[PDB]
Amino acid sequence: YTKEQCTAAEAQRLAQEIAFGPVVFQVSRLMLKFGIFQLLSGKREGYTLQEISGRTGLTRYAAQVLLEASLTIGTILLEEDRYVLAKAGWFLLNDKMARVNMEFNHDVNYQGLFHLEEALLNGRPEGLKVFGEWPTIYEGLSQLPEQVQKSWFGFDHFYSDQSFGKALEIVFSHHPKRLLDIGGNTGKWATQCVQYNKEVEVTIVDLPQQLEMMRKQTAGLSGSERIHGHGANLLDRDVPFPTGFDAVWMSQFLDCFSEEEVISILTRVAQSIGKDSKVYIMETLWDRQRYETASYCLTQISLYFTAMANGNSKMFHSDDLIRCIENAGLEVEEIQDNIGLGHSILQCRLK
């Protein structure tokens, strides 16, 4: 939260780091992929270049160039003539957030990021064009390569998934009858509800394609006779929302829409409902994080929406989201937050 001066004129080094981000990223990806961080992991004493070479079956050249570049980046150290894992390498190896983000940035983002410039300029996801010509990554998804899909789904899960105690005990503090979950195409949330309260009925809204997976994924889970799908297109027209729901829920949904789109979806939400029903918006807000690293990540992430999938959209700053809510005719009745990996929840109501 700093954002108020952090570096001696060793800020000069940061510039250079920034300037070499592409190389650094790539070299660390491979240090990992080729199994060198792992190799170093299991030998405190470390290994020589000829040794790393031998074990990994990489040219001496190939290994020297990665190892040298990592030595100065600082993911490994040099002792006598052996390279040893440094702490930063250990995290690349072991931190699930880093592995997720890195894999994501390679398979989904790397190439398209070249075209971020025109993406900012034009107001659409110009990077997506290196895969195809869909309006959004959402629509083109079923068509991206294996690996690209793999990494995207990992990203989508790592930042969405969770648990859901805090959240659960809050929403049900109002003993609701029918929760309408807009966009939870996995059913994990509705699963939790169902298995938490024994007569709530949950209706998930989403594109039909997406609800075939929810039924797949949710197949023979412990309360699923009470989980219902309702196909929709979430497009200004009728896309009116079902009605008679005591709860309405939206999680990691809608950081993938414009503000303009977000206010439209909400106003249309603000019609489903009576002055009795609560509206819950759960989101990863970059400005409201426990850990600064979390803030850093979320704001770097925002750019994938810009390059791939734009016409939108970003990890919200709480102020904007709160502004967007109040214009849909709703009011935040409290922003309890900091649940799971730093997911804030906004309990709103009508009026």
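Heads up: residue numbers just count along the shown sequence, starting at 1.
**Q** Would you mind comparing 149-157 and 234-242 for me and telling me which has the higher average C-alpha temperature factor in the entry?
**A** The stretch with the larger mean CA B-factor is 234-242.
**Q** Of 158-166 and 244-252, which one has the bigger average CA B-factor?
**A** It is 158-166.
**Q** Considering only 141, 84, 71, 214, which residue's Cα atom bears the greatest B-factor as recorded?
**A** Top of the list by C-alpha B-factor: 141.
**Q** In terms of the chain's CA B-factor thirds, is residue 273 lowest, middle or highest?
**A** Highest third, going by the recorded CA B-factors of the chain.
**Q** Residue 134's Cα B-factor: lowest, middle or highest third of the chain?
**A** Middle third - that is where residue 134 ends up once the chain's C-alpha B-factors are sorted.
**Q** How does residue 320 rank on Cα B-factor within its chain, lowest, middle or highest third?
**A** Middle third, going by the recorded CA B-factors of the chain.
**Q** Once the chain's modelled residues are ordered by C-alpha B factor and cut into thirds, is residue 287 in the lowest, middle or highest one?
**A** For residue 287, the deposited C-alpha B-factor lands in the middle third.
**Q** Sorting by Cα B-factor within the chain, modelled residues only, which third would residue 218 end up in: lowest, middle or highest?
**A** Ranked within chain, residue 218 CA B lands in the lowest tercile.
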